[PDB]
Amino acid sequence: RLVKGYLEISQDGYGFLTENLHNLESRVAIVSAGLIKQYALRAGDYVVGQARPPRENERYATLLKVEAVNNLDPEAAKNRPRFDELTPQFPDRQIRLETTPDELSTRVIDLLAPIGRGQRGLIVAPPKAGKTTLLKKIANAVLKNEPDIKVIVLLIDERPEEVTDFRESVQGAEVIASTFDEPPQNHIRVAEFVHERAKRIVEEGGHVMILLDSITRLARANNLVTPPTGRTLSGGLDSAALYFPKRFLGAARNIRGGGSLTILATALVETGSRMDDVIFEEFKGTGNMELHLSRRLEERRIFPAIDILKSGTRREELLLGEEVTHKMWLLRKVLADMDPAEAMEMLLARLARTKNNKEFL
Amino acid sequence: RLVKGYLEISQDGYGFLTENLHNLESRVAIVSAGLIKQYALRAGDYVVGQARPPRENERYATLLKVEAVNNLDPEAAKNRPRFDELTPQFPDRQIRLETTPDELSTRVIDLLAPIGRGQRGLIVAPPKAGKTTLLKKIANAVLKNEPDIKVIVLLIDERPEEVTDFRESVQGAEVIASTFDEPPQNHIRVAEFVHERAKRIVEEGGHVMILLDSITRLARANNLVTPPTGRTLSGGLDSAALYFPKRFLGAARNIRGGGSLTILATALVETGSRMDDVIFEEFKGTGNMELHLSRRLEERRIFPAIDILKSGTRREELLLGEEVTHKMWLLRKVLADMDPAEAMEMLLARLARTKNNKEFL
Amino acid sequence: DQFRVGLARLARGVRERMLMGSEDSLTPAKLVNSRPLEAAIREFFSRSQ
Ligand SMILES: Nc1ncnc2c1ncn2[C@@H]1O[C@H](COP(=O)(O)OP(=O)(O)O)[C@@H](O)[C@H]1O
Ligand SMILES: Nc1ncnc2c1ncn2[C@@H]1O[C@H](COP(=O)(O)OP(=O)(O)O)[C@@H](O)[C@H]1O
Ligand code: BEF
Ligand code: BEF
Ligand code: BEF
Ligand SMILES: [Mg+2]
Ligand SMILES: [Mg+2]
């Protein structure tokens, strides 16, 4: 009998193998501390191996033998550089975005905020400004442009119907979700488990993206889980609560030893709460990509409702050739002077004609 | 067997020798209180000497003999003026700046804020204003203009890849860093250790420049570490947290008996937080040099994006001759009335022609 | 004799642990723990009247 799951090490030195729901489950498989010390396993490690039905007085099946860890043999798990010891650098290898049902949006992203592997990216928008739909487009474009990469879709504190839509529209990539019906604790647990799994995979030189809707809601859960910290930050935030979201987001990085973690998360702003704006500003100093969407641009029903001027990346020279870089510089010079809605409509009109390379020509 | 390190005296009367990482390790060398009293060693004192492997039940190596302290014989440690009693003066010894990859930057710095030995200076900029790049230029310029002076780079709460870039671009000078991935505890510890080392060296008549990126993040770590202090200052600051940053910064000074401690630090402003603005104003009352960077100039891609009018020092006469002082006075009078971006463009065009002294003619 | 008492108690714990010990890679620690008899010797030399 074979079982599979993701390793979750308990305080007692023994661990459990989890299912996709990322929670304690009756079918979780026991893993003794002995096996953990044997295979140098770590939280988030994907473990597959023969297991047996629990003996009398055993409530959970036990892993009889370890066969594969993160889809590979356990040996390499003993001798491998630790994720925290991997060198973090800039994303030096870009990804071109294209999704058939909306190529306008993917091309506009390509021209505004090119994506590389190891990206720490963020999209900032008021409610109802193309955020969730845009993230769907990016997921689809990745699953057409970067099939090799372990694409992970994480949905925190968000809408159940959106979970269903993305589950169905992600064509099989790992969609993990925890709706607003769930308490913050479930959100934090699932998010951290997914995070640890991603870091374990990237440890193996693997390429991962985490598409995190509502990183702000994750920060809210982090705040509410922070038990005192003493003083409260202005706007209702806690001083030490944001350390966990900050580390969470800053884990994404380019590795000079292979593989990387690219996290694209969604930020809410202009919500009338100092809390949201403070979270936005705090994460901006950690991220290498910001893409702004304007509420007014939505209100006119012109899409994708992107705020061109505010959007951009850092170190585009590392993801673009000089021709593309100077093209982008020319375009931004042309667009800097003129209004958001007008700018976006005009750009859509120009880009509707041809694919980006021809609109260049 | 020879060992080396920097002395960290613990609460128990015995100390440890550390490496550049500025924390506890397994390889730190034990130093008995007897040796400390014998050679008057203090925290930050650099100790080199023959050591021995630990005996059984001993966990760290012990310094069998002291050979050199602060690169000199231990006897002088007995008879030397203590750092805190060194007479402070104004910086009476200017340091000319020239860095080949951007001599316009160093030139404008010279024409806006001449640097001396014992300078207590600050560069104030919003996010993404070349603050970090300007600090890099200053470092590179010092590493040819003042190769003699012990150049220490302290990066606190900042981007790991910037740490790598400065490590490689500093050409071997002492780069100490503690990224935002670290808790404030690590930041404070490393900063204090580096500071104590610097004061110990300057006590030896030594010259030190500490280029500190993110002094405001250091203040943030101080505020987070401060256990209560009770009442909250406007902006979320703590009343007594800033005492330690203030002392840290005010330590920089001109010694009338030899050596100097100069600290050039990077400050954040226009961040939307009263906290940063209060920190800036509080430190401005202790420093002698301020160089202001404009976000709008960066948005126009005009570098160095300096706010000339807000830029300046105190007691420039001590760092400039009469001809230079009056030339700078003329230059400010002309540029006093001009708009920030356009004034910078004017100055850059005028300086692009030739070297500064040639620009005078 | 206090020594033997400690060894007997240690035999109890090591006995339970071996059966709980899934694999044979349990001799060093899963079979060995000096807390019981060590504290017993302390008890006899200090808590014995
Ligand atoms: N590119 C688009 N094309 C068509 N409809 C869009 C587009 N972007 C957003 N919308 C509309 O906006 C509504 C909510 O968008 P969503 O992105 O979920 O809001 P938010 O940006 O707050 O997540 C949807 O009902 C959808 O019809
Ligand atoms: N002199 C310069 N030359 C080229 N790029 C610059 C210069 N100054 C700033 N930049 C741009 O600004 C960014 C660095 O921001 P930085 O100055 O480190 O932030 P802060 O000013 O808050 O420390 C880089 O991405 C770079 O493109
Ligand atoms: F309500 Be929206 F999706 F932020
Ligand atoms: F974002 Be900058 F480096 F302060
Ligand atoms: F900083 Be001054 F003394 F007002
Ligand atoms: Mg939405
Ligand atoms: Mg910076």
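Residues numbered from 1 in each chain as written, not as in the entry; some residues may be left out. Chains lettered and ligands numbered in written order. Part of a larger assembly, values for the part shown. Heavy atoms only, no water.

Method of structure determination, per the deposited record: cryo-EM was used for this entry, reaching 5.8 Å resolution.

By the naming in the PDB entry, chain C is DNA-directed RNA polymerase subunit beta, taken from Thermus thermophilus HB8.

Identification of chain A as Transcription termination factor Rho from Thermus thermophilus HB8 is taken from the PDB entry. What the UniProt record of chain A gives under Function (unreviewed entry) is the line "Facilitates transcription termination by a mechanism that involves Rho binding to the nascent RNA, activation of Rho's RNA-dependent ATPase activity, and release of the mRNA from the DNA template." Database annotation for chain A, UniProt heading Sequence similarities (unreviewed entry): "Belongs to the Rho family." (UniProt positions renumbered as here; feature names shortened; annotations may be inferred.)

1. What about the relation of the copies chain B and chain A?
Rotating chain B by 60 degrees and moving it 0.5 Å along the rotation axis overlays it on chain A with an RMSD of 0.3 Å. Both chain copies can therefore be described as sitting about a six-fold axis. Interface overlap between copies is the fraction of interface residues in one copy that are interface residues in the other; for chain B against chain A it is only 5%, indicating separate surfaces. (Least-squares fit on C-alpha atoms. Contact = heavy atoms within 4.5 Å.)

2. Considering helix 11 (residues 322-336) of chain A
Residues and elements named next belong to chain A. For helix 11, built from 15 residues, the straight-helix expectation of 21 Å at 1.5 Å per residue is met to within 8% by its first-to-last C-alpha distance of 20 Å. All of the buried residues along helix 11 are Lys327, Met328, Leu331, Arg332 and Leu335. Axial view of helix 11: buried residues confined to an arc of 130 degrees, hence all on one face. Where helix 11 is buried, its residues meet helix 3 (103-112), strand 17 (306-313), helix 12 (340-353) and helix 13 (356-360). (Helix = DSSP H or I, 4+ residues; strand = E, 2+ residues; numbered from the N terminus. Expected span 1.5 Å × (residues − 1). Buried < 20%, exposed > 50% of the residue type's maximum accessible area, 1.4 Å probe, protein only. Arc of directions from axis to C-beta.)

3. Description of the interface of chain B and chain A
On the side of chain A, 17 residues touch chain B, which itself brings 22 residues to the contact. Counting the surface lost from both chain B and chain A, the interface buries some 1,500 Å², and carbon and sulfur atoms represent 42% of this. Contact with chain A buries surface across chain B, with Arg159, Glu161 and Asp181 of chain B losing the most and accounting together for 31% of the total. A salt bridge links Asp238 of chain B to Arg231 of chain A, with the shortest nitrogen-to-oxygen separation between them at 3.2 Å. Of all the elements in the fold, those that place two or more residues in the side of chain B that touches chain A are helix 5 (160-169) and helix 7 (215-225) of chain B. Of the residues in the side of chain B that touches chain A, the class split is five nonpolar, five polar and 12 charged. (Buried area = accessible area lost by both parts, 1.4 Å probe. Salt bridge = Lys/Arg side-chain N within 4 Å of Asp/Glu carboxyl O. Nonpolar A, V, L, I, M, F, W, Y, C, P; charged D, E, K, R; others polar.)

4. Overview of the site of ligand 2
Residues and elements named next belong to chain B. In the vicinity of ligand 2, the residues found are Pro126, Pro127, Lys128, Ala129, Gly130, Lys131, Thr132, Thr133, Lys137, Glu298 and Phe303. Take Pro126: an N or O atom from its main chain is 3.3 Å from an oxygen atom of ligand 2. One nitrogen or oxygen atom from the side chain of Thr133 is found 3.2 Å from a nitrogen atom belonging to ligand 2. Taken by itself ligand 2 offers 560 Å² of open surface, and the protein chains cover 76% of this. Among the residues making up the shell around ligand 2, the classes are represented as four nonpolar, three polar and four charged. (Near = heavy atom within 4 Å. Polar contact = N/O pair within 3.5 Å; in protein donor to acceptor, adjacent residues only side chain to side chain. Areas by Shrake-Rupley, 256 points an atom, 1.4 Å probe, with all protein chains shown as cover.)

5. A few points about the packing of aromatic side chains
Under the defined criterion, the tally for this structure stands at nine aromatic pairs over all chains. Between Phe16 of chain A and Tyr60 of chain A, the aromatic rings sit 5.3 Å apart at their centres with planes inclined by 90 degrees, giving edge-to-face as the arrangement. One end of the pair, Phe16 of chain A, is in strand 2 (residues 15-18); the other, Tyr60 of chain A, is in the loop between strand 4 (46-52) and strand 5 (62-63), with 44 residues separating them in the sequence. Owing to a relative accessible area of 13%, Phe16 of chain A belongs among the buried residues under this scheme. When the centroid spacing of 4.7 Å and the interplanar angle of 80 degrees are considered together, the rings of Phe44 of chain C and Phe45 of chain C count as edge-to-face. In this structure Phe45 of chain C comes out as exposed when scored by relative accessible area, which is 64%. Three or more aromatic residues joined by ring pairs make a cluster, and in this case those are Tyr14, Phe16 and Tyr60 of chain A. A cation over a ring is seen here: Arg197 of chain A above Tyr6 of chain A, with NZ or CZ 3.9 Å from the ring centre. (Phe/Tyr/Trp six-rings, centres within 6.5 Å; stacked < 30°, edge-to-face > 60°. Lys NZ or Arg CZ within 6 Å of the ring centre and 35° of its normal.)

6. Some details on the site of ligand 1
Residues and elements named next belong to chain A. Taken together, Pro126, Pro127, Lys128, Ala129, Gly130, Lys131, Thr132, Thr133, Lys137, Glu298 and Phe303 form the complete shell of residues around ligand 1. Note that an oxygen atom of ligand 1 is positioned 2.6 Å from one of the side-chain N or O atoms of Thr132. Within the contact set of ligand 1, a nitrogen atom lies 2.9 Å away from a side-chain nitrogen or oxygen of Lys137. In isolation ligand 1 has 560 Å² of accessible area, and contact with the protein removes 65% of it. Of the residues contributing to the shell around ligand 1, the split by class is four nonpolar, three polar and four charged.

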